[PDB]
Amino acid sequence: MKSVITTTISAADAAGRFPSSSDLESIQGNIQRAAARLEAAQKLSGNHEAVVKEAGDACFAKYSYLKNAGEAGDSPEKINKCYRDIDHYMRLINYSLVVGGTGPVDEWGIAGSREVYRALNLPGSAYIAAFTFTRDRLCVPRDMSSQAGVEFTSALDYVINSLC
């Protein structure tokens, strides 16, 4: 699970080295930045239902064609799975913010996604719409502090880039 700690330790392990100065210094980055990302994680934890509902509404408003017969949201069960997916990504973004690395979203959300979405006919632009909406909708310091917002924004941009 990619983080400052695992990245540093894996690099040292590959070289058969005990942790040294730069390894210790890397982790000081954790100590310093945890506050901003944990706040963003916290805000996302306590307000995810709302965040997800809006992102999902945003997606189906921009792509109503999805509700047409044969498309990805041509039934209530499919529409629900769509919001559910948006929630899984937000949950993985929450995890990524807690971990301080993209490990969680990379392994649990991104990996294999292109095959799954291709096989199940889920257009990537629909997810991108959901995420671009959530990102641009972020208001600072109304929703969270500036730096927590930067962390939240980076995480969404990371996920959006994974789809295009």
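Residue indices: 1-based, along the sequence shown.
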With respect to the recorded C-alpha B factors, which stretch has the higher mean value, 60 to 68 or 111 to 119?
-> 60 to 68
Between 99 to 107 and 34 to 42, point out the one with the higher average CA B-factor as the PDB entry records it.
-> 34 to 42
Out of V140, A11, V150, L156, which shows the largest CA B-factor listed in the entry?
-> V140
Rank-wise, by C-alpha B-factor, drop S26 into the lowest, middle or highest third of its chain.
-> lowest
Ranked C-alpha temperature factor of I79 among modelled chain residues, by third | highest
Third of chain Cα B-factors occupied by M1 | middle
